[PDB]
Student: 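Please find one structure pasted underneath; my questions will follow.
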Amino acid sequence: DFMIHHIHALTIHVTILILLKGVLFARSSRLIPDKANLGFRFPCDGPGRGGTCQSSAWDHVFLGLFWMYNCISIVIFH
Amino acid sequence: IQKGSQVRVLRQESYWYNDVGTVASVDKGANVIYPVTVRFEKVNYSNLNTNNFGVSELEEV
Amino acid sequence: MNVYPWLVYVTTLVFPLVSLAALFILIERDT
Amino acid sequence: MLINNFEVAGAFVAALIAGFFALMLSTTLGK
Amino acid sequence: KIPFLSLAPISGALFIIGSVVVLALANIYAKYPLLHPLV
Amino acid sequence: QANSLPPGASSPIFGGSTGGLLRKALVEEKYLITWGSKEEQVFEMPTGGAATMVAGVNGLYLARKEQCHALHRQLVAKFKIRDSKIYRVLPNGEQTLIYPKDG
Amino acid sequence: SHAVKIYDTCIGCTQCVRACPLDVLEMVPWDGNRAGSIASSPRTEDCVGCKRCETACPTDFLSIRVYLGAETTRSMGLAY
Amino acid sequence: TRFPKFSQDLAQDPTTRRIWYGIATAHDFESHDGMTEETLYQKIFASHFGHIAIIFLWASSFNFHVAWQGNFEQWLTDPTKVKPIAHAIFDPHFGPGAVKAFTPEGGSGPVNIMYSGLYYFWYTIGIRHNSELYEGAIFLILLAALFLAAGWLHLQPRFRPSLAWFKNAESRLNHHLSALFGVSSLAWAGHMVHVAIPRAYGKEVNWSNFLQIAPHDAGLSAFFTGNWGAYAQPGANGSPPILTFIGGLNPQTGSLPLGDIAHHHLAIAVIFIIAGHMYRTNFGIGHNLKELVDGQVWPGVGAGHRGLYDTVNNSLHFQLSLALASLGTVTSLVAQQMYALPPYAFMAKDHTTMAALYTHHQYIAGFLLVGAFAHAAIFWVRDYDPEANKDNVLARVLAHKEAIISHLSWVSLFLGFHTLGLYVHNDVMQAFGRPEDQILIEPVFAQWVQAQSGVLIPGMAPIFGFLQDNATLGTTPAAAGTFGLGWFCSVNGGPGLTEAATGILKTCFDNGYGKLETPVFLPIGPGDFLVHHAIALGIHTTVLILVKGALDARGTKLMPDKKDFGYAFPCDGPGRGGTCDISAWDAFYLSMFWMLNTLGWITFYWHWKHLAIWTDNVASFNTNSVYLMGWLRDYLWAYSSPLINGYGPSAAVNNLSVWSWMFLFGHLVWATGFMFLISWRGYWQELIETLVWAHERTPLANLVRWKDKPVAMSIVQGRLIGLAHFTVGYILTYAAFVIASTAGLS
Amino acid sequence: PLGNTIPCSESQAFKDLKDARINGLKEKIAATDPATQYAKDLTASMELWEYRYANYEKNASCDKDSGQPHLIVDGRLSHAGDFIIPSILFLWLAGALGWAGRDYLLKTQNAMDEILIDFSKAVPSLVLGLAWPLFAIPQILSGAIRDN
Amino acid sequence: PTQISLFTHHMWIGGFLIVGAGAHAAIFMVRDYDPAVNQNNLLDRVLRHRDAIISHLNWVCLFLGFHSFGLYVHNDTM
Ligand code: CLA
Ligand code: CLA
Ligand code: CLA
Ligand code: CLA
Ligand code: CLA
Ligand code: CLA
Ligand code: CLA
Ligand SMILES: CC(C)=CCC/C(C)=C\CC/C(C)=C\CC/C(C)=C/CC1=C(C)C(=O)c2ccccc2C1=O
Ligand code: SF4
Ligand code: SF4
């Protein structure tokens with residue numbers, strides 16, 4: 001029970017990490033300073049500066065859906 | 001090649017290679033490399049349908 | 001059995017970390 | 001009957017010849 | 001062209017459902033065949 | 001001190017963030033934008049947060065040239081300032097202009 | 001640094017210098033169009049490769065091509 | 001930042017991308033700095049010498065470990081009970097349960113039970129002692145030392161050869177067909193007649209006595225006088241036959257007879273030495289390959305094959321594409337003839353060895369095919385010249401590439417639509433309590449191939465029938481004895497047929513063709529039909545992805561100048577719709593999943609058909625292979641039982657606990673792939689930017705600095721690492737299952 | 001009797017599957033009330049299943065061992081109802097749909113009309129879909145269009 | 001089955017609405033954020049140290065993953 005609740009704390013905290021990093025870095029980052037002009041729902045800002053794949057806040061919602069799946073699946077399995 | 005003539009595009013790198021468009025305007029300046037404006041019934045991958053081509057890249061049909 | 005277990009310690013544990021340290025020296029020093 | 005330690009030492013002498021030739025080939029491939 | 005039934009979702013979906021009903025009544029009429037009976 | 005404005009430029013009122021300068025600005029390069037405002041007006045930082053620019057010439061140090069260019073395009077698209085000059089600052093203090101080059 | 005080339009198919013539509021977030025490009029006079037100008041890249045060391053100038057270019061195939069090359073601090077887009 | 005020296009563009013990268021790309025472009029010798037063509041071919045030549053010696057030291061390992069800590073001489077006394085042993089275990093992590101679990105009965109410690117068939121190999125090729133295994137180990141270490149010394153020698157400037165020596169292609173074809181494929185086959189025929197055949201029948205011949213003891217007692221007078229047949233007779237005063245043609249399998253060992261092996265390696269050696277006399281070398285006679293290739297013209301292919309000599313010869317990527325495609329087709333043929341006609345004694349009853357060997361060679365064959373089409377696309381980007389290949393067949397299949405891609409598309413959708421529809425129909429009919437409404441298609445054509453092969457198939461016949469002995473085919477109308485009998489009683493042997501009653505030709509029965517397990521041609525049905533169409537779907541969709549990657553590698557409508565961006569590049573950005581996975585590397589990448597799925601379907605089929613045979617439960621395969629809950633339940637759920645009970649809290653561990661741990665390991669590695677495959681780059685770049693901020697502001701720790709800047713991995717690197725984890729997890733999960741399910745049958 | 005397949009008239013395991021299901025039905029009718037909508041559906045299922053096994057009997061469906069009906073596809077006229085007749089039924093109705101959609105595209109050539117289906121140009125396309133070989137064979141014999 | 005299904009359903013609906021909460025907080029950040037409104041308040045000062053929040057979230061996510069799943073992997077191994 002200790003170990004399954006720390007699994008649960010992990011999965012809640014990673015889903016927080018993904019969606020909160022989407023929220024706070026929605027407008028700008030060190031990578032893309034003008035992300036708010038690109039919008040909430042854009043694919044990327046190109047393969048340059050290394051590549052900006054899934055840098056939109058939408059894409060953090062996209063990753064947080066799988067991590068919520070992970071969270072709630074281990075909750076109902078427990 | 002005048003206004004309203006159906007042309008086929010001979011450019012290899014074009015989207016509209018072996019496709020037929022309408023000549024909308026021909027530039028009368030001899031310095032222009034690609035003077036003939038062709039409008040198309042189909043668009044490219046950037047949702048645009050006009051281009052400037054040259055004379056040698058166009059075939060009259 | 002017919003084991004040299006000190007050789008297992010040398011070549012599976014010590015010598016890989018030796019090798020990664022040597023390759024780190026190869027990939028991180030200027031000339 | 002299995003193989004004793006002296007023939008394993010002979011195999012290691014043979015592997016030392018092989019390891020020397022590999023060590024020469026790898027460095028002259030590195031040039 | 002008529003309102004709300006001329007649309008491609010509606011026309012396509014009523015085509016799907018009409019084909020599935022005509023097929024289901026064909027399976028009821030033919031007593032659920034695996035093959036076409038020759039004899 | 002280590003981040004000193006040119007004489008004639010005043011600092012905008014900002015309570016300082018964590019999105020700003022790192023060790024690269026000490027050791028490799030940093031960038032400096034100077035613009036001219038007619039009043040004190042509230043602008044979004046490119047590194048996160050909000051700041052207020054005072055009337056006069058305002059200078060700001062950023063880690064990248066794109067942060068300065070995004071700040072300049074936001075100043076054009078919202079508050080109509082088109083005389084931002086973007087400079088590249090070396091660690092020894094040598095100054096060169098990089099935007100605009102043409103004048 | 002990434003390598004930026006502008007061919008002769010450019011029509012001088014003034015769109016690749018506005019869509020650039022880094023000011024790599026500029027307009028010089030030219031004779032081969034109606035607009036009288038062509039884009040050029042004298043500042044390819046500051047280019048990050050973001051391909052916003054190629055999204056905005058309105059021809060059939062893009063008159064400007066950026067080629068991904070050797071990477072630097074400026075071209076990896078690093079604030080550190 | 002001096003590494004990598006071979007790319008200055010990579011070396012001045014200040015980030016962590018420099019190390020990853022120096023590792024990943026280390027063997028792309030053409031794209032390295034200052035590389036000329038002479039230096040290219042000579043570095044590849046010495047790399048080959050080093051690799052051949054790696055293969056030999058790896059081969060010497062087996063001989064050393066079985067001679068030092070195996071049980072080979074103990075296994076010759078009873079080949080049917082005591083299990084082959086690979087090597088012994090020294091792992092300090094084991095507790096007492098695992099120490100006693102990996103220890104056999106009568107053993108003095110924990111060992112690995114060998115599942116690769118090397119004891120059966122070494123028995124059939126006539127090793128009978130650990131000392132012969134030891135001299136094999138010594139000879140392979142010194143032969144590896146000779147090949148490294150040769151590579152070292154051929155990088156010295158007196159023995160470096162010229163590009164003309166590399167690009168001759170006449171002498172290379174002559175010498176490889178004559179010496180590499182023919183003299184070595186002749187030498188292996190000589191080994192089988194001198195060593196393996198008389199050590200099968202007691203009479204042990206070694207390196208001290210081989211000059212005195214002959215293989216046949218009418219020795220080398222039967223060669224020159226034209227009486228070749230005396231090698232095939234039993235002969236006088238002993239002398240078992242060394243060049244014979246029983247055919248099929250041997251009854252007494254369940255394997256291929258050794259005289260047929262020796263006669264095979266004589267005959268194809270003769271054919272290969274004759275085949276290495278075709279091409280033009282320095283004695284005037286022969287074919288020159290430029291006029292021989294460039295003279296294939298007929299008026300439906302235009303210019304024909306003109307210029308394809310230089311197209312193959314100057315491009316190593318075309319040559320490597322042909323080599324990998326041929327080698328993988330050969331490797332699939334290796335896998336499919338080892339189960340069908342087993343070559344080594346007592347290998348067919350060791351079931352998990354047959355499973356592991358088939359699955360081994362088939363997965364490796366899928367790798368070589370996808371690499372063949374990868375280097376095809378690499379040829380298209382880097383080496384193809386449209387002006388040196390004017391209107392030849394290569395330019396025409398570039399010209400109508402739209403037809404090939406759309407027709408592979410049509411075959412793939414055809415096969416997948418109908419195979420999925422019939423399988424899901426069979427699922428719905430077993431769901432609704434109705435297994436007699438299932439669409440069940442007897443494979444008529446493959447049973448007809450069985451019928452002309454010699455299998456009964458009692459409503460099908462050969463077209464030209466049988467001869468007067470009713471065992472020889474009508475399509476081989478000579479040789480009544482020599483191979484109606486052996487081949488016919490092999491392909492209709494096995495358990496469940498050729499019983500005591502009979503009434504037809506299987507009345508004979510006393511040669512021993514009922515003690516063989518499995519028929520040579522397995523019986524087939526509707527599940528076999530459906531999984532063959534699934535196999536065809538897998539192969540065709542993999543060919544679709546790969547041929548689309550090869551032919552679109554130069555350019556398309558969406559990206560016309562693709563060849564200027566190389567083989568492996570990320571995209572051309574989000575514009576013109578978006579261009580994710582546009583490169584030919586990305587079609588390698590996406591076909592890799594389809595290859596793994598294809599070879600999963602192939603080895604899932606082989607495994608369930610053989611475990612249904614081995615558990616005497618072929619009715620379970622014939623009932624449940626037509627629908628997919630049968631594949632889930634009776635194959636995947638049912639045979640998982642000794643695997644996942646390899647360790648647990650209530651039963652103590654056994655020898656399958658390592659396969660249980662590796663099964664969960666592969667599940668973990670496979671799903672760790674999914675992170676790099678689903679989540680992509682800019683998330684990780686922004687995350688690492690926060691990590692950079694956290695490190696430079698933590699005291700006691702900002703005083704420790706990186707020398708390469710922490711960045712996220714690149715787009716192509718994120719794809720490649722996710723694929724490498726997917727593939728490693730795939731192979732380890734299935735290797736764990738295919739060994740632990742079959743070793744835990746009992 | 002072809003390879004690992006014999007017809008239903010001498011198949012033991014088909015007779016076992018048949019009797020198992022008929023006796024399971026007779027036990028399911030005989031334990032219930034005949035006026036409660038369960039039993040008349042079971043007698044309808046009984047009559048339907050007796051007709052289905054008689055149908056598998058008289059037209060020669062074919063089994064062995066597991067006693068379930070296997071179908072033979074190479075073009076025998078004795079097993080023509082396995083493949084040949086639902087082949088030409090599939091060709092008729094799929095060529096109807098494909099030719100109707102193709103002729104709809106040839107008569108419309110418009111982007112509003114692909115999302116708003118004009119039925120006056122859609123249902124006669126479907127009727128000439130119901131006679132598609134007579135309109136599609138001479139256009140194969142003529143030729144379609146020049147494009148590369 | 002009512003107990004397993006009601007727990008499991010309400011867990012899944014709960015997790016979906018929490019990912020939607022992260023989604024519309026990010027959508028507010030792109031669209032409806034005004035620097036003129038949020039000077040030196042809680043919402044502005046959160047953006048001002050967002051690197052500290054996301055890096056500390058990254059560390060506790062790593063800590064939870066090691067100290068729950070490496071325990072499970074230890075149990076596998078032992
Ligand atoms: C990327 C995604 C994508 C999407 C969203 C579409 C979407 C569409 N495609 Mg399409 N397509 C695609 C990719 C895509 N395509 C690709 C990759 C190809 C290959 C190059 C094609 C090639 C293609 C072709 C060739 C055609 C389409 C057509 C269409 C349209 C179908 C209209 C419809 O379904 O209603 C269906 C409407 C009917 C079936 C009307 C009949 C309804 C009757 C009259 C009602 C009365 C019946 C009554 C209820 C009784 C029922 C009984 C019954 C048995 C009769 C639709 C908007 C078709 C089109 O243009 O629209 C017509 C068409 O011809 N596509
Ligand atoms: C004789 C066979 C042969 C030869 C000589 C080559 C040679 C070459 N290939 Mg290659 N290829 C082959 C077969 C071959 N290939 C096969 C069989 C495949 C299918 C898998 C491929 C698919 C392929 C692709 C897509 C590419 C090449 C490329 C290349 C070139 C450079 C390779 C390089 O620098 O990076 C070396 C390779 C790596 C650094 C990848 C390492 C991945 C490792 C091996 C996976 C193992 C993971 C892990 C460590 C396993 C441990 C598990 C355990 C811990 C549980 C080179 C000319 C590249 C090129 O650009 O061509 C010019 C290129 O992009 N190949
Ligand atoms: C109940 C049985 C069943 C079902 C549900 C399907 C379902 C399907 N089939 Mg089909 N098929 C069946 C039985 C069935 N099939 C049988 C018994 C045969 C043997 C004759 C076939 C042979 C067949 C072919 C050749 C094709 C299909 C295809 C298809 C797919 C689209 C067809 C369609 O009507 O869309 C609407 C119609 C169109 C979009 C155009 C009509 C094209 C038709 C199908 C072919 C006509 C072309 C030409 C005259 C003849 C083809 C030459 C051929 C000999 C190679 C679809 C999922 C297609 C496919 O699998 O995709 C790759 C396809 O081309 N099937
Ligand atoms: C491609 C794969 C495939 C194939 C070949 C089949 C084939 C079959 N299925 Mg099946 N099925 C499939 C996939 C497939 N299924 C899938 C994916 C599912 C899950 C959804 C099912 C679920 C399923 C069920 C539950 C059942 C079947 C049944 C059947 C059988 C009877 C169909 C029939 O003859 O009707 C009769 C045909 C005629 C009487 C011919 C007359 C046709 C008229 C003239 C037109 C009707 C066609 C159509 C509606 C178009 C409209 C035309 C318009 C002009 C009105 C048949 C052998 C039934 C069965 O008993 O199995 C043995 C049945 O119980 N299937
Ligand atoms: C392109 C589709 C395709 C592909 C790749 C395969 C591939 C394969 N089939 Mg096969 N098959 C197909 C279609 C296909 N089939 C069709 C449509 C049928 C009729 C239902 C069959 C019936 C069949 C049987 C009975 C057997 C196989 C078998 C096999 C395997 C061995 C090779 C062989 O026998 O060749 C034979 C393939 C053909 C003769 C068909 C070629 C593909 C045609 C040209 C596509 C168009 C068919 C057309 C629509 C049919 C209607 C014509 C007319 C009546 C209108 C192989 C992997 C064997 C097997 O399962 O191994 C255990 C087996 O014996 N198939
Ligand atoms: C007018 C409809 C129409 C017609 C005549 C065709 C015809 C064709 N298709 Mg296409 N296709 C269509 C619609 C159509 N398609 C749609 C809507 C899609 C998106 C799902 C596609 C996706 C598609 C792919 C991926 C491929 C083809 C291919 C092909 C060719 C091979 C035969 C085949 O397998 O068909 C296959 C048909 C499908 C897979 C789609 C299923 C059938 C659709 C739904 C029919 C559309 C119905 C339409 C709305 C009816 C309107 C009626 C009108 C009176 C209002 C053939 C010429 C193959 C090819 O290139 O061959 C060389 C190929 O790989 N098609
Ligand atoms: C099973 C596959 C898998 C695994 C192991 C991970 C693991 C991880 N993910 Mg990930 N992810 C996955 C699938 C997976 N993910 C998928 C499919 C997606 C797509 C949606 C994502 C998307 C994703 C996002 C968007 C994020 C993560 C994050 C993380 C990290 C979470 C922190 C943590 O758990 O602490 C510890 C690490 C583990 C529990 C991994 C196993 C460690 C083992 C038990 C220890 C090994 C011991 C030793 C080192 C071995 C030495 C052997 C030697 C030979 C090398 C972690 C490293 C988050 C992150 O970075 O937060 C910090 C992050 O934001 N993931
Ligand atoms: C010399 C040498 C190698 C020393 C060893 C160096 C040492 C101590 C550990 C080895 C490094 C390790 C273990 C991790 C770092 C890798 C990393 C940046 C992962 C984040 C990342 C993820 C998770 C993705 O999914 C993804 C998808 C698509 C594109 C990019 C990415 C991406 O970037
Ligand atoms: S790739 Fe991006 S940064 Fe470079 S020139 Fe184009 S728009 Fe500017
Ligand atoms: S390159 Fe493209 S965007 Fe730039 S001026 Fe020319 S046409 Fe306009």
Side-chain angles (χ1 to χ4, degrees), chain A residues 10 13-14 17-18 21 54 60 62-67 69-70, chain H residues 23-31 44 47 51 316-317 320 323-324 327-328 364 367-372 374-375 377-378 381-382 410-411 414-415 418 441-449 524-525 528-533 535-537 539-540 566-568 584-585 588-589 592 595 662 665-679 683-684 687 716 720 724-725 727-729 731-732, chain I residues 72-75 82-84 87-88 90-91, chain J residues 57-70 72-74:
Chain A
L10 164 62
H13 283 61
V14 173
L17 179 66
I18 298 168
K21 184 190 164 283
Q54 287 156 215
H60 293 59
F62 158 78
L63 296 180
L65 293 171
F66 297 99
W67 258 101
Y69 172 86
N70 219 35
Chain H
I23 296 169
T25 58
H27 288 352
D28 190 358
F29 299 159
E30 293 180 353
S31 81
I44 296 168
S47 278
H51 170 113
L316 289 200
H317 281 99
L320 178 63
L324 287 161
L327 183 63
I364 286 169
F367 279 109
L368 319 167
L369 274 295
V370 170
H375 285 269
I378 297 177
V381 297
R382 297 160 155 229
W410 168 89
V411 167
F414 196 46
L415 279 180
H418 292 55
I441 301 299
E442 216 65 41
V444 176
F445 309 150
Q447 285 156 159
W448 174 89
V449 190
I524 61 171
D528 292 331
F529 160 89
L530 285 166
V531 69
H532 269 84
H533 284 54
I535 283 184
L537 164 68
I539 297 169
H540 273 77
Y567 185 53
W585 188 103
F588 150 78
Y589 165 72
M592 205 61 181
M595 173 285 270
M662 171 168 104
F665 187 78
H667 283 70
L668 182 54
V669 172
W670 183 77
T672 310
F674 275 50
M675 182 178 71
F676 307 105
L677 312 171
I678 297 169
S679 81
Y683 183 94
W684 309 99
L687 203 42
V716 182
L720 169 63
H725 288 243
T727 316
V728 169
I731 297 168
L732 294 175
Chain I
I72 298 289
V73 298
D74 61 357
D82 286 349
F83 182 75
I84 297 169
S87 296
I88 62 170
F90 190 70
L91 311 197
Chain J
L57 204 47
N58 187 278
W59 172 92
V60 61
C61 276
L62 291 179
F63 170 84
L64 284 161
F66 290 135
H67 297 66
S68 66
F69 185 70
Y72 275 86
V73 174
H74 164 110

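Chain A is the first sequence line, chain B the second, and so forth, proteins listed ahead of strands; every chain is numbered from 1. Below, each value reflects all heavy atoms present in this structure, side chains not excepted, and no hydrogens, waters or symmetry copies. In each ligand, atom 1 is the first atom listed, and ligand 1 is the first ligand listed.
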Student: What atoms of ligand 5 come closer than 4.0 angstrom to any heavy atom of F83(I)?
Tutor: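 Those atoms are 19 (C), 20 (C), 50 (C), 51 (C), 54 (C).
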Student: Between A24(H) and ligand 2, does any nitrogen or oxygen pair lie at a separation below 3.5 Å?
Tutor: yes
Student: Any atoms of ligand 5 less than 4.0 Å from a non-hydrogen atom of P443(H)? List them with their elements.
Tutor: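 Close to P443(H): 25 (C), 59 (C), 60 (O), 62 (C), 63 (C), 64 (O).
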Student: Tell me, do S31(H) and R382(H) make a side-chain contact under 4.5 Å, heavy atoms counted?
Tutor: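 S31(H) reaches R382(H) side chain to side chain.
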Student: Is there a side-chain contact between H533(H) and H418(H), using heavy atoms and a 4.5 Å cut-off?
Tutor: no
Student: Tell me, please, which residues at least two apart from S87(I) pass side chain to side chain contact (heavy atoms under 4.5 Å, CB included).
Tutor: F83(I)
Student: Flag the pair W585(H) / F588(H) as yes when their ring centroid distance falls below 6.0 Å, and as no otherwise.
Tutor: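 Centroid distance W585(H)-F588(H): below 6.0 Å, so yes.
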Student: How does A26(H) reach ligand 2, by side chain, by backbone, by both or by neither, if only non-hydrogen atoms under 4.0 Å count?
Tutor: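 It is the backbone that touches ligand 2; the side chain stays farther off.
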Student: Check ligand 7 against the protein and report each N/O to N/O distance under 3.5 Å, formatted as atom name, atom name, distance.
Tutor:
| from | atom 1 | to | atom 2 | distance (Å) |
| --- | --- | --- | --- | --- |
| ligand 7 | 35 (O) | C61(J) | O | 3.3 |
| ligand 7 | 35 (O) | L62(J) | O | 3.1 |
| ligand 7 | 64 (O) | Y683(H) | OH | 2.4 |
| ligand 7 | 65 (N) | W67(A) | NE1 | 3.3 |

Student: Have a look at ligand 5 and work out which part of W448(H), if any, has a heavy atom under 4.0 Å from it: side chain, backbone, both or neither.
Tutor: neither
Student: Considering only heavy atoms from C-beta outward, does the side chain of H13(A) approach that of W67(A) to under 4.5 Å?
Tutor: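 No - every pair of side-chain heavy atoms lies 4.5 Å or more apart.
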Student: Can you find a heavy atom in the side chain of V73(I) that is under 4.5 Å from one in the side chain of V444(H)?
Tutor: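 Not touching, per the 4.5 Å side-chain cut-off.
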Student: At a non-hydrogen distance cut-off of under 4.0 Å, which region of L415(H) contacts ligand 5 (side chain, backbone, both, or neither)?
Tutor: side chain
Student: Using a heavy-atom cut-off of under 4.0 Å, does the side chain or the backbone of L320(H) touch ligand 2, or both, or neither?
Tutor: side chain
Student: Of all the atoms in ligand 2, which lie at a distance below 4.0 Å from a heavy atom belonging to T25(H)?
Tutor: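 In order of number, 34 (O).
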Student: With under 30° as parallel and over 60° as perpendicular, where do the rings of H60(A) and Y683(H) fit, or are they tilted in between?
Tutor: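 It falls in the tilted class, 30° to 60°.
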Student: With a 4.0 Å heavy-atom cut-off (strictly under), which part of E30(H) contacts ligand 2: side chain, backbone, both or neither?
Tutor: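 It is neither; nothing of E30(H) touches ligand 2.
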Student: Please work out, at 4.0 Å between heavy atoms, whether the side chain, the backbone, both, or neither of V728(H) comes within that distance of ligand 2.
Tutor: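 Contact part for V728(H) vs ligand 2: side chain (C-beta onward).
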Student: For residues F62(A) and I678(H), determine if any side-chain heavy atom of one lies less than 4.5 Å from a side-chain heavy atom of the other.
Tutor: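 Yes, their side chains come closer than 4.5 Å.
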Student: Using a 3.5 Å cut-off on N or O atoms only, is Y567(H) in polar contact with ligand 2?
Tutor: no
Student: Hey, is ligand 2 close enough to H27(H) that some N/O pair sits below 3.5 Å?
Tutor: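 Looking only at distances, the answer is yes, because the N/O contact criterion of under 3.5 Å is met.
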Student: Test of understanding: given a 4.0 Å heavy-atom threshold, classify the contact between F665(H) and ligand 2 as side chain, backbone, both, or neither.
Tutor: side chain
Student: Parallel under 30°, tilted from 30 to 60°, perpendicular over 60°: which one fits the rings of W670(H) and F674(H)?
Tutor: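 Correct class here is tilted.
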Student: How are the rings of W410(H) and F414(H) set relative to one another: parallel (under 30°), tilted (30 to 60°) or perpendicular (over 60°)?
Tutor: parallel
Student: With a 4.5 Å limit on heavy-atom distance, are the side chains of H540(H) and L415(H) in contact?
Tutor: yes
Student: Show which atoms of ligand 5 fall inside a sub-4.0 Å distance from at least one heavy-atom site of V444(H).
Tutor: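 Within the 4.0 Å cut-off of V444(H), ligand 5 contributes 25 (C), 64 (O).
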Student: Does at least one non-hydrogen atom of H533(H) fall below 4.0 angstrom from an atom of ligand 5?
Tutor: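 Judged by the 4.0 Å heavy-atom criterion, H533(H) does count as contacting ligand 5.
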Student: So for atom CZ, which belongs to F29(H), do other residues, nucleotides or ligands contribute more than 12 heavy atoms lying within a distance under 6.0 Å?
Tutor: yes
Student: How does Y589(H) reach ligand 2, if at all, at less than 4.0 Å between non-hydrogen atoms: by side chain, backbone, both, or neither?
Tutor: neither
Student: Give the C-alpha distance, both sets of side-chain angles, the deciding distance and a yes or no for side-chain contact (heavy atoms from CB on, under 4.5 Å) between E30(H) and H317(H).
Tutor: CA-CA 11 Å; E30(H) 293 180 353; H317(H) 281 99; 3.2 Å; yes
Student: Indicate yes or no: at least one non-hydrogen side-chain atom of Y567(H) is less than 4.5 angstrom from one of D28(H).
Tutor: no
Student: Considering the heavy atoms of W585(H), write down every atom of ligand 2 situated less than 4.0 Å from one of them.
Tutor: 25 (C), 64 (O)
Student: Please walk me through it: do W684(H) and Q54(A) pass side-chain contact (heavy atoms from CB on, under 4.5 Å)?
Tutor: CA-CA 9 Å; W684(H) 309 99; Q54(A) 287 156 215; over 6 Å; no
Student: Distance under 4.0 Å to a non-hydrogen atom of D28(H): what atoms of ligand 2 satisfy this?
Tutor: 31 (C), 34 (O), 60 (O), 62 (C)
Student: Does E442(H) reach ligand 5, in the sense of a heavy atom lying below 4.0 Å from it?
Tutor: yes
Student: Evaluate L720(H) against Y589(H) for side-chain contact (heavy atoms from CB on, under 4.5 Å), listing each step before the verdict.
Tutor: CA-CA 8 Å; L720(H) 169 63; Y589(H) 165 72; over 6 Å; no
Student: Output yes when the distance from some N or O of ligand 5 to some N or O of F445(H) is under 3.5 Å, and no in every other case.
Tutor: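 Such a contact does occur with ligand 5.
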Student: Is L91(I) close to ligand 5, meaning an N/O of one under 3.5 Å from an N/O of the other?
Tutor: no
